[PDB]
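Novice: Chains as they are written, first to last, in the authors' numbering: chain A, 1 to 159; chain B, 3 to 157.
C-beta atoms are modelled at their ideal positions from N, C-alpha and C, and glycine is treated no differently.
Here you go, one structure.
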Amino acid sequence: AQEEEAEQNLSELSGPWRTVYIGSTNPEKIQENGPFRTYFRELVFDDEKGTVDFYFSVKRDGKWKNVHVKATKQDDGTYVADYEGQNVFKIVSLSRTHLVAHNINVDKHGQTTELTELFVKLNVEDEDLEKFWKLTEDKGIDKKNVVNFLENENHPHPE
Amino acid sequence: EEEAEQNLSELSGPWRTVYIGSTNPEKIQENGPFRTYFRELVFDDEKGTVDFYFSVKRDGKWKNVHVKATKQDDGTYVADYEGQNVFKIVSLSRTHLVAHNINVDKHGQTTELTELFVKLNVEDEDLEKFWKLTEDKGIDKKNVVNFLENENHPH
Ligand SMILES: CCCCCCCCCCC=O
Ligand SMILES: CCCCCCCCCCC=O
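This is the structure we're talking about:
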């Protein structure tokens, strides 16, 4: 017998995520305009399908693009996904607060690059949303006159 | 296992805006001066102040703004930004900030806004784990980009 099945419950982890650090064996890949200079926006874990959907922004030729990539868990435990080539990636450490992964990318030229990354979750608690809503009610503000900044078609550019 | 000491200044660092509500919708609509995307906050216990670092789009262009708020003996804060402001922190932890602000603009108009902000905490253990992983893969520290500081210092 090899290893045994892993009880996986990461659904709890879906939500807003941000990129802290991304390291690379090939710096050109992460330098400005690089394909893996990805600013995470959201992550969605599905335990039924055993998938991870990545939502992130990347600048391509002085222009910002919002990308969506779906990764699928393999019986190996790793995940594979198509983005600027082929990737096999591995969650080395994941918790409600963080995420450290190792990705191996093979581009359209067969060039292999190993990347490392630290990502953090933007945790918005219920106890706090309530407190903000109450206050907002008290001050007589209308829910319609409130702007959601954690998801809007008009935000700042990291560069 | 291990947690840093609790300090006000220790809450200093990257913060992000979640929601902001207003009595005058024009203040937080596109191009409104209060449609502020927080980048960082620095609490200073000695001077009794809070420094706001945020971004706001004006005349179609994103601008980086810094505002120094000063605590009052009564615990609230004053700050000059698009008129005079009297800021009140209704709840604050290492995780969140809920606050009420009253702004009177240069023309004497009064707007009351509410806001919910959240902090981006990057824990030591996770940082070291990223670097350990990074050196295990033979990646040189000079070959790593700090995305968080870029986000905190856009343009
Ligand atoms: C790269 C962003 C998402 C699509 C490609 C598969 C791996 C991403 C993991 C993050 C990069 O280290
Ligand atoms: C409103 C100004 C008073 C102090 C800080 C103002 C800038 C951010 C708006 C605060 C809302 O909570």
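If you draw a straight line from the alpha carbon of A:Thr113 to that of A:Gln86, how long is it in whole angstroms?
Specialist: C-alpha separation (whole angstroms): 11 angstroms.
Novice: Say the cut is 7 angstroms; is the CB of A:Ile91 nearer than that to a heavy atom of ligand 1?
Specialist: Outside the cutoff, so no.
Novice: Let me make sure I understand the geometry here. Which of A:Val44, A:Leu13, A:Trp64, A:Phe45 has the alpha-carbon closest to that of A:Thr38?
Specialist: Measuring from the Cα of A:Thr38, the nearest candidate turns out to be A:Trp64.
Novice: How many Å lie between B:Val69 and A:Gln74 at the Cα?
Specialist: Roughly 50 angstroms between the two C-alpha positions.
Novice: Among A:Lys139, A:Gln2, A:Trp17, A:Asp128, which residue has its Cα nearest to the Cα of A:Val52?
Specialist: Nearest C-alpha to A:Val52: A:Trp17.
Novice: Pairs of beta-carbons, one from the stretch 147-158 of chain A and one from the stretch 126-137 of chain B, closer than 8 angstroms: are there three or more?
Specialist: They do not touch, by the three-pair rule.
Novice: With the cut-off set at 8 angstroms, would you say A:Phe40 and A:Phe89 are in Cβ contact?
Specialist: Not in contact: A:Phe40 and A:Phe89 (Cβ atoms no closer than 8 angstroms).
Novice: Hey, how far is the Cα of B:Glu3 from the Cα of B:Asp61?
Specialist: Roughly 50 angstroms between the two C-alpha positions.
Novice: Anyone know if the C-beta pair for A:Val106 and A:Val100 falls short of 8 angstroms?
Specialist: Contact: no.
Novice: What residue does the beta strand (DSSP E) around residue 215 of chain A start on, and which one ends it?
Specialist: It is not possible to answer for residue 215 of chain A, since the shown part of chain A is limited to 1 through 159.
Novice: Cβ of B:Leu115 within 8 angstroms of Cβ of B:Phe36?
Specialist: Yes. Within cutoff.
Novice: How about B:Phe132: is its C-beta nearer than 8 angstroms to some C-beta of chain A?
Specialist: Yes, because at least one Cβ of chain A sits closer than 8 angstroms to the Cβ of B:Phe132.
Novice: Please enumerate, following chain order, all residues with a beta carbon closer than 7 angstroms to at least one heavy atom belonging to ligand 1.
Specialist: Residues flagged by the Cβ proximity filter: A:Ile22, A:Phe36, A:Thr38, A:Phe54, A:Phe56, A:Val69, A:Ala71, A:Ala81, A:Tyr83, A:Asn87, A:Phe89, A:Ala101, A:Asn103, A:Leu115, A:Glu117.
Novice: Determine which residues of the stretch 15-28 of chain B have a Cβ less than 9 angstroms from any Cβ of chain A, and write them out in chain order.
Specialist: Per Cβ criterion, the list reads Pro16, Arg18, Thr19, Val20, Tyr21, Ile22, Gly23, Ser24, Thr25, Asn26, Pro27.
Novice: Would you say the beta carbon of B:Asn105 comes nearer than 7 angstroms to a heavy atom of ligand 2?
Specialist: Yes, since a heavy atom of ligand 2 falls inside the 7 angstroms radius drawn around the Cβ of B:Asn105.
Novice: Quick check on this structure: which residue in A:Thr136, A:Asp138, A:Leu94 has the alpha carbon closest to the alpha carbon of A:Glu117?
Specialist: Answer by Cα proximity: A:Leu94.
Novice: Per the DSSP calculation, A:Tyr79 is bridged to which residue(s)?
Specialist: Per DSSP, A:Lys73, A:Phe89.
Novice: Write down the C-beta distance between A:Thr78 and B:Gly140 rounded to the nearest angstrom, noting that I regard them as a contact closer than 8 angstroms.
Specialist: With a Cβ gap of about 20 angstroms, A:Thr78 and B:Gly140 do not count as contacting.
Novice: For B:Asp46, does the three-state DSSP call read helix, strand or coil?
Specialist: Note: B:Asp46 maps to strand in three-state DSSP.
Novice: What in chain A is Cβ-close to B:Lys139, meaning under 7 angstroms?
Specialist: In chain order: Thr25, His102, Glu114, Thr116.
Novice: Would the beta-carbon of A:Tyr79 be found less than 7 angstroms away from any heavy atom of ligand 2?
Specialist: For ligand 2, not one heavy atom lies less than 7 angstroms from the Cβ of A:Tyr79.
Novice: Please list, in chain order, all residues of the same chain as A:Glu28 whose beta carbon is under 8 angstroms from its beta carbon, the five residues on each side excluded.
Specialist: Only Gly34 meet the Cβ criterion.
Novice: Output the boundary residues of the beta strand (DSSP E) element that contains B:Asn103.
Specialist: Note, B:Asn103: beta strand (DSSP E), 98-106.
Novice: Here's the rule I'm using: 16 or more other beta-carbon atoms within 10 Å means buried, otherwise exposed. How should A:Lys49 be labelled?
Specialist: Classification for A:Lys49: exposed.
Novice: For the beta strand (DSSP E) holding B:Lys59, just list the boundary residues, first then last.
Specialist: Start and end: 51-60.
Novice: Go ahead and pull the three-state DSSP assignment for A:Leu122.
Specialist: A:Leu122: coil per DSSP, three-state reduction.
Novice: Which of the residues in the stretch 74-99 of chain A, read from start to end, lie with their CB under 9 angstroms from any CB of chain B?
Specialist: Correct list: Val92, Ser93, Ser95, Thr97, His98, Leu99.
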